[PDB]
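Written out below as structure tokens is the structure these notes cover.
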Amino acid sequence: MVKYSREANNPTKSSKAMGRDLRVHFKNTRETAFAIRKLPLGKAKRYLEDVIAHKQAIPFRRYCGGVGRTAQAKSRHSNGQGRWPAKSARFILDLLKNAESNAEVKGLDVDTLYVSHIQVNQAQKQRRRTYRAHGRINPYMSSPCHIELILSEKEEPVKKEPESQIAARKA
RNA sequence: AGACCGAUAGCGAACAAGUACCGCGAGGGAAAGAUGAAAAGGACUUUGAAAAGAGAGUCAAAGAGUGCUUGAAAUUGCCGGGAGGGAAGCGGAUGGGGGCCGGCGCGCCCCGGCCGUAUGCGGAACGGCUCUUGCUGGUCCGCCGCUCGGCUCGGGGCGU
RNA sequence: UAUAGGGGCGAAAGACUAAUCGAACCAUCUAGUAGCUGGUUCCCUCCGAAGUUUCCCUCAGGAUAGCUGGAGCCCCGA
RNA sequence: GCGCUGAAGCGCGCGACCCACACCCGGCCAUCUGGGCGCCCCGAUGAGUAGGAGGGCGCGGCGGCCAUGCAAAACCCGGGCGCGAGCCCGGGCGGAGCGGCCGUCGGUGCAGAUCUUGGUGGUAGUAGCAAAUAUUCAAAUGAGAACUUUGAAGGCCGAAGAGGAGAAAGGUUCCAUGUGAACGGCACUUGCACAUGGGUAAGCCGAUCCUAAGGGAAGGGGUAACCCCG
RNA sequence: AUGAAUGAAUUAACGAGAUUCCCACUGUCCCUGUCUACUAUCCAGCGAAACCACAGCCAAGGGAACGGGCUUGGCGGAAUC
RNA sequence: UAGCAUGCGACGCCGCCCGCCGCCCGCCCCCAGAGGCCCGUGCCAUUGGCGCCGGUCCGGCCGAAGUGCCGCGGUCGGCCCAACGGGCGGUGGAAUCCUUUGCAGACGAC
């Protein structure tokens, strides 16, 4: 959550974080959401720390065009495209760090949960242009991007407690 | 002043406008309005690479929070419904299922309740007509007397 | 630092006169003018075309009938 | 098309079937026949570009009549009517204006015009950021360091593919300190980005004085005059 | 359809002028190879335009006589580099 | 040479499976030049005394897979759910990555 996109949940159960108008590749930064995506805080961090490291790639389900492929897909099995876009990843890390912290302040459990909701939208595009040969003028602009992160005290443990009707086992 | 225009319109110009900007120069020349009743214009605390974020506070309203009334379209994300990795297309039409949703009395009898006209009183719009004028014919109300009855909202039974 | 627009300058190519030259650029006349191309925005009804003929510096147009259609007025025709 | 062959070919006869919006039949819309009480009914014909002729819908401001409004207009979603142009309602939003009838006005209706303007998607996380081979190892500082700064190592520049002094031109770009939204086609702690301060000192350098193609001031005269020769 | 200052002929020197021959030489060629460099490719970062009424299989046929799409036939597991 | 996406076989088979069954919830809907239950209550449907078919134990023939059938001795049964499934429940027995490389190689793959 912030002054809002799809929040939907409860304040007690969840924590909220947002990035605003970051200038990063929009297409790389969405995907970064798709892959994580239902997941813990600490594992996400480990996954992203891995991403920069080039340990784990972030699935490029949309976005094709010549991406570098199939080094591994890992989770997504195989699947050809993948890169490890470090800058968008670093920005998701500060977002997870905001969210984690907010969760902590709230008194949210160290155990507490997974990423209920992440979206990514193209905030705007910053304007800009560079001059070209033959007297012609071509825009080079940057895309601002907003990312919303919803942390929720239902998801990690909702999925343990109505894991019910045959269920629990690990436990 | 106005059957003018109302922010792509009206002047080029509602504002910092012949401004910003272009051309050696003559000359050319935009885009540019609106928080709120009141600044009450976001303390205090946590966090953070930065901004920002979280939580809270003000107000009828903050998706009223600063190019801040409303907030379409074109578009993006997430998500919901329909569908799906073996069968062919002007993307509709036509038929069918699924998905979604708004809408929802009569006849008779007994009890309770209320009132009554005809005639005498007492007040009054009317009428056919005549049309100077006049004659017969209204209706309801106010409310007592004298006979002699009905209605309506509900309840209970029966038959339709 | 001269020479300025049918003028200049040219060892003359129609070369060159601020990215513009078989006549610079600017602003104006000016909303030129186009028998040519394009476009011209709400519903319905009754009837429903012409692509032919003469004239015309006339044939990518005009013109005048021919073909149409409405609105009124009247009561034959194969 | 598969594709048949004493036929699913061909011909001569034949029987039954199929098949349109045609034709019939049922119910209904215009015009016309007309009829009958502002309204009802009988039957016929009835595609349509250019297009004539006629009835109607919607816009905006005006007047007379007639309302609506503390929850109006607008928007979004659906419900109802109307062939229909279009009318109407319900929910949410919005948070102040809005209609209807008649009679008028008219910057009065778009999908289009290599239409204008604005916004926005795909193109795409794609092209470019490639020829002097130029940095590398330690370290400083910093929230952050491949590109800021120190040292070492290694090169490159040579009439200046990167030395010194200057003309024009720029126009404060210089120095210092502090930053980092934008720039630098990337990072940035850096900078010729941003902000604030500060610096240029002439008797003996140059301007300045002179005069050179010429700009010419000065008759007279063309030219209204601008303007031009002398 | 040559021809004399619309110049004729002729001609040494000169020429990034037009044509031809020889020697020298050689990868132009027989006939291609290996190799360097920078690209390419992949990674982080930065990040564009043209263009876009249109879904987007082939063989035939048809049609304003040059079909990605009608018509009949035949094929196609998507997506991605 | 290519070729299981002709919608194939075989071999080898494994943080909890699955072999055999109680109880319930969805989809299609015979062989064959003619043939295919003895005494009862009860409108029904339920429900009770008591030769020919249907799962079965154990095995063979087309079968060479998928796939089926048919018999010597007996047992649970008669005169809903086959081909699929979807569970509440009882009893019972691996690979990608990684790291270093290549016979391989633009990435991925091998």
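Residue numbering restarts at 1 for every chain of the structure tokens, chains are lettered A, B, ... in their displayed order, and ligands are numbered from 1 as they appear.
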
Give one line per residue of chain D that approaches chain A to at most 10 Å, naming the two atoms of the closest pair and their distance in Å to one decimal, counting only C-alpha atoms (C1' of nucleotides); sort by chain then ascending residue number and deliver it as JSON lines.
{"residue": "D:124", "atom": "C1'", "partner": "A:65", "partner_atom": "CA", "distance": 6.9}
{"residue": "D:125", "atom": "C1'", "partner": "A:27", "partner_atom": "CA", "distance": 6.0}
{"residue": "D:126", "atom": "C1'", "partner": "A:65", "partner_atom": "CA", "distance": 6.4}
{"residue": "D:185", "atom": "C1'", "partner": "A:130", "partner_atom": "CA", "distance": 7.4}

Would you put the residues from that selection into a file with C-alpha atoms (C1' of nucleotides), as a PDB file, in the first residue's frame?
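What follows is the written file result_39.pdb:
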ATOM      1  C1'   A D 124      11.917  -2.695 -27.574  1.00  0.00           C
ATOM      2  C1'   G D 125      14.564  -3.319 -22.764  1.00  0.00           C
ATOM      3  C1'   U D 126      15.691  -3.434 -29.595  1.00  0.00           C
ATOM      4  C1'   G D 185      24.164   9.970 -24.074  1.00  0.00           C
TER       5        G D 185
END

Sorted by chain and rising residue number, list the residues of chain A at most 7 Å from chain F (counting only C-alpha atoms (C1' of nucleotides)), each with its closest atom pair and distance in Å to one decimal, as a Markdown table.
| residue | atom | partner | partner_atom | distance |
| --- | --- | --- | --- | --- |
| A:68 | CA | F:107 | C1' | 5.6 |
| A:69 | CA | F:107 | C1' | 5.4 |
| A:70 | CA | F:108 | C1' | 4.6 |
| A:71 | CA | F:108 | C1' | 6.5 |
| A:74 | CA | F:96 | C1' | 6.3 |
| A:80 | CA | F:108 | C1' | 6.5 |

Let me see the file: selected residues, N, CA, C and O atoms, as a PDB file, in the first residue's frame.
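As written to disk, out-v3.pdb reads:
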ATOM      1  N   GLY A  68      19.302 -12.995 -23.909  1.00  0.00           N
ATOM      2  CA  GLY A  68      20.109 -13.977 -23.219  1.00  0.00           C
ATOM      3  C   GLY A  68      19.398 -15.017 -22.559  1.00  0.00           C
ATOM      4  O   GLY A  68      18.409 -14.810 -21.869  1.00  0.00           O
ATOM      5  N   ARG A  69      19.823 -16.250 -22.884  1.00  0.00           N
ATOM      6  CA  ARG A  69      18.818 -17.270 -22.512  1.00  0.00           C
ATOM      7  C   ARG A  69      19.780 -18.317 -21.926  1.00  0.00           C
ATOM      8  O   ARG A  69      18.755 -18.683 -22.228  1.00  0.00           O
ATOM      9  N   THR A  70      19.551 -19.443 -21.184  1.00  0.00           N
ATOM     10  CA  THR A  70      18.695 -20.531 -20.695  1.00  0.00           C
ATOM     11  C   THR A  70      19.898 -21.152 -20.115  1.00  0.00           C
ATOM     12  O   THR A  70      20.011 -22.370 -20.004  1.00  0.00           O
ATOM     13  N   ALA A  71      20.655 -20.235 -19.490  1.00  0.00           N
ATOM     14  CA  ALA A  71      21.867 -20.297 -18.644  1.00  0.00           C
ATOM     15  C   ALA A  71      21.441 -21.282 -17.708  1.00  0.00           C
ATOM     16  O   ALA A  71      22.156 -22.202 -17.279  1.00  0.00           O
ATOM     17  N   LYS A  74      15.696 -22.372 -13.686  1.00  0.00           N
ATOM     18  CA  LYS A  74      15.751 -22.915 -12.302  1.00  0.00           C
ATOM     19  C   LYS A  74      14.297 -23.276 -11.780  1.00  0.00           C
ATOM     20  O   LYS A  74      13.613 -24.039 -12.427  1.00  0.00           O
ATOM     21  N   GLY A  80      13.604 -20.423 -22.129  1.00  0.00           N
ATOM     22  CA  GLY A  80      14.748 -19.761 -22.643  1.00  0.00           C
ATOM     23  C   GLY A  80      15.144 -18.468 -22.127  1.00  0.00           C
ATOM     24  O   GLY A  80      16.250 -18.416 -21.612  1.00  0.00           O
TER      25      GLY A  80
END

* Asked: as a ChimeraX atom specification, which residues of chain A does DSSP assign to strand (DSSP E)?
  -> /A:14-23,58-59,82-83,114-122,129-132,136-139,144-152

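Compared by their closest atoms to chain B, and using only C-alpha atoms (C1' of nucleotides), the residues A:81, A:14, A:9, A:98 rank with A:98 nearest.
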
* So how many Å separate CA of residue 166 (chain A) and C1' of residue 20 (chain F), to one decimal? -> 21.5 Å

Give me, as a tab-separated table, each residue of chain B that comes within 7 Å of chain A, together with its shortest interatomic pair and the distance in Å at one decimal, counting only C-alpha atoms (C1' of nucleotides), with rows ordered by chain and rising residue number.
residue	atom	partner	partner_atom	distance
B:46	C1'	A:105	CA	6.1
B:47	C1'	A:101	CA	6.2
B:53	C1'	A:17	CA	6.1
B:54	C1'	A:102	CA	5.2
B:76	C1'	A:121	CA	5.9
B:77	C1'	A:121	CA	5.0
B:78	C1'	A:119	CA	5.6

* Work out how far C1' of residue 26 (chain C) is from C1' of residue 30 (chain B), in Å to one decimal. => 20.9 Å

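For the choices A:155, A:113, A:96, A:82, the atom-to-atom distance to chain E is smallest for A:82 when using only C-alpha atoms (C1' of nucleotides).
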
Using the chain letters and numbers from this document, which residues of region 80-171 of chain A does DSSP assign to helix (DSSP H, G or I), as an mmCIF file with N, CA, C and O atoms, in the first residue's frame?
data_model
loop_
_atom_site.group_PDB
_atom_site.id
_atom_site.type_symbol
_atom_site.label_atom_id
_atom_site.label_comp_id
_atom_site.auth_asym_id
_atom_site.auth_seq_id
_atom_site.Cartn_x
_atom_site.Cartn_y
_atom_site.Cartn_z
ATOM 1 N N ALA A 86 20.355 -6.349 -12.578
ATOM 2 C CA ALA A 86 20.817 -6.004 -11.278
ATOM 3 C C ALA A 86 20.272 -4.692 -10.775
ATOM 4 O O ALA A 86 20.048 -4.539 -9.592
ATOM 5 N N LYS A 87 20.187 -3.653 -11.660
ATOM 6 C CA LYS A 87 19.695 -2.369 -11.138
ATOM 7 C C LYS A 87 18.247 -2.493 -10.722
ATOM 8 O O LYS A 87 17.905 -1.963 -9.671
ATOM 9 N N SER A 88 17.349 -3.140 -11.529
ATOM 10 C CA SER A 88 15.983 -3.184 -11.099
ATOM 11 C C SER A 88 15.923 -3.996 -9.849
ATOM 12 O O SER A 88 15.095 -3.748 -8.976
ATOM 13 N N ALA A 89 16.811 -5.003 -9.748
ATOM 14 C CA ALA A 89 16.848 -5.873 -8.609
ATOM 15 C C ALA A 89 17.215 -5.079 -7.396
ATOM 16 O O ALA A 89 16.664 -5.278 -6.317
ATOM 17 N N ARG A 90 18.210 -4.144 -7.476
ATOM 18 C CA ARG A 90 18.622 -3.410 -6.274
ATOM 19 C C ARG A 90 17.579 -2.570 -5.654
ATOM 20 O O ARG A 90 17.392 -2.543 -4.456
ATOM 21 N N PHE A 91 16.777 -1.884 -6.486
ATOM 22 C CA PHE A 91 15.604 -1.144 -6.255
ATOM 23 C C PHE A 91 14.548 -2.037 -5.664
ATOM 24 O O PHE A 91 13.860 -1.473 -4.787
ATOM 25 N N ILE A 92 14.257 -3.335 -6.085
ATOM 26 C CA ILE A 92 13.314 -4.179 -5.404
ATOM 27 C C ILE A 92 13.840 -4.459 -4.030
ATOM 28 O O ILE A 92 13.072 -4.593 -3.081
ATOM 29 N N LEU A 93 15.170 -4.611 -3.780
ATOM 30 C CA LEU A 93 15.724 -4.830 -2.494
ATOM 31 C C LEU A 93 15.476 -3.711 -1.492
ATOM 32 O O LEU A 93 15.093 -4.032 -0.362
ATOM 33 N N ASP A 94 15.620 -2.396 -1.838
ATOM 34 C CA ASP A 94 15.307 -1.279 -1.039
ATOM 35 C C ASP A 94 13.823 -1.343 -0.812
ATOM 36 O O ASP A 94 13.297 -1.023 0.266
ATOM 37 N N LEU A 95 12.972 -1.676 -1.777
ATOM 38 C CA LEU A 95 11.577 -1.846 -1.514
ATOM 39 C C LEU A 95 11.250 -2.910 -0.549
ATOM 40 O O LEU A 95 10.473 -2.784 0.377
ATOM 41 N N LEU A 96 11.865 -4.140 -0.629
ATOM 42 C CA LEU A 96 11.692 -5.200 0.329
ATOM 43 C C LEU A 96 12.195 -4.745 1.659
ATOM 44 O O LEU A 96 11.583 -5.025 2.691
ATOM 45 N N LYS A 97 13.314 -4.004 1.705
ATOM 46 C CA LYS A 97 13.891 -3.488 2.957
ATOM 47 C C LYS A 97 12.844 -2.537 3.538
ATOM 48 O O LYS A 97 12.619 -2.496 4.710
ATOM 49 N N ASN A 98 12.157 -1.660 2.737
ATOM 50 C CA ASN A 98 11.198 -0.717 3.340
ATOM 51 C C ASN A 98 10.174 -1.597 3.934
ATOM 52 O O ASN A 98 9.718 -1.444 5.070
ATOM 53 N N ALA A 99 9.694 -2.604 3.138
ATOM 54 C CA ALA A 99 8.528 -3.312 3.553
ATOM 55 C C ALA A 99 8.838 -4.084 4.799
ATOM 56 O O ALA A 99 8.062 -4.075 5.751
ATOM 57 N N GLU A 100 10.016 -4.736 4.834
ATOM 58 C CA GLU A 100 10.393 -5.560 5.943
ATOM 59 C C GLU A 100 10.356 -4.733 7.171
ATOM 60 O O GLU A 100 9.782 -5.131 8.186
ATOM 61 N N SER A 101 10.973 -3.543 7.080
ATOM 62 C CA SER A 101 11.128 -2.684 8.213
ATOM 63 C C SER A 101 9.789 -2.283 8.710
ATOM 64 O O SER A 101 9.522 -2.332 9.909
ATOM 65 N N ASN A 102 8.897 -1.898 7.786
ATOM 66 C CA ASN A 102 7.608 -1.443 8.195
ATOM 67 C C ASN A 102 6.969 -2.587 8.912
ATOM 68 O O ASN A 102 6.309 -2.407 9.935
ATOM 69 N N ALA A 103 7.170 -3.813 8.402
ATOM 70 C CA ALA A 103 6.557 -4.945 9.023
ATOM 71 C C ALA A 103 7.063 -5.070 10.427
ATOM 72 O O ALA A 103 6.295 -5.335 11.352
ATOM 73 N N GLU A 104 8.377 -4.868 10.622
ATOM 74 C CA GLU A 104 8.991 -5.016 11.914
ATOM 75 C C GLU A 104 8.412 -4.021 12.871
ATOM 76 O O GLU A 104 8.056 -4.373 13.996
ATOM 77 N N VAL A 105 8.255 -2.757 12.431
ATOM 78 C CA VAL A 105 7.812 -1.713 13.312
ATOM 79 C C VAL A 105 6.465 -2.082 13.831
ATOM 80 O O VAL A 105 6.150 -1.876 15.002
ATOM 81 N N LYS A 106 5.649 -2.665 12.943
ATOM 82 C CA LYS A 106 4.310 -3.084 13.210
ATOM 83 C C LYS A 106 4.344 -4.133 14.272
ATOM 84 O O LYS A 106 3.404 -4.260 15.055
ATOM 85 N N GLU A 155 -0.867 -14.387 3.917
ATOM 86 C CA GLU A 155 -0.377 -15.383 2.993
ATOM 87 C C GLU A 155 0.543 -16.587 3.527
ATOM 88 O O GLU A 155 0.091 -17.761 3.496
ATOM 89 N N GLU A 156 1.815 -16.404 4.038
ATOM 90 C CA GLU A 156 2.729 -17.492 4.573
ATOM 91 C C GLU A 156 2.114 -18.425 5.557
ATOM 92 O O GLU A 156 2.263 -19.663 5.496
ATOM 93 N N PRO A 157 1.403 -17.842 6.495
ATOM 94 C CA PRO A 157 0.676 -18.612 7.424
ATOM 95 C C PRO A 157 -0.720 -18.844 7.063
ATOM 96 O O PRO A 157 -1.174 -19.873 7.575
ATOM 97 N N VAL A 158 -1.524 -18.139 6.186
ATOM 98 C CA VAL A 158 -2.886 -18.501 5.690
ATOM 99 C C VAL A 158 -2.581 -19.740 5.067
ATOM 100 O O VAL A 158 -3.171 -20.673 5.488
#

* Asked: E:53, E:70, E:44, E:58: which is nearest chain A, counting only C-alpha atoms (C1' of nucleotides)?
  -> E:44

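Between chain A and the candidates E:62, E:73, E:33, E:45, the tightest atom-to-atom separation, counting only C-alpha atoms (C1' of nucleotides), involves E:45.
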
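Near chain A, the residues of chain E that fall inside 10 Å (using only C-alpha atoms (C1' of nucleotides)) are residues 41, 42, 43, 44, 45, 46, 47, 48, 49, 79, 80 and 81 of chain E.
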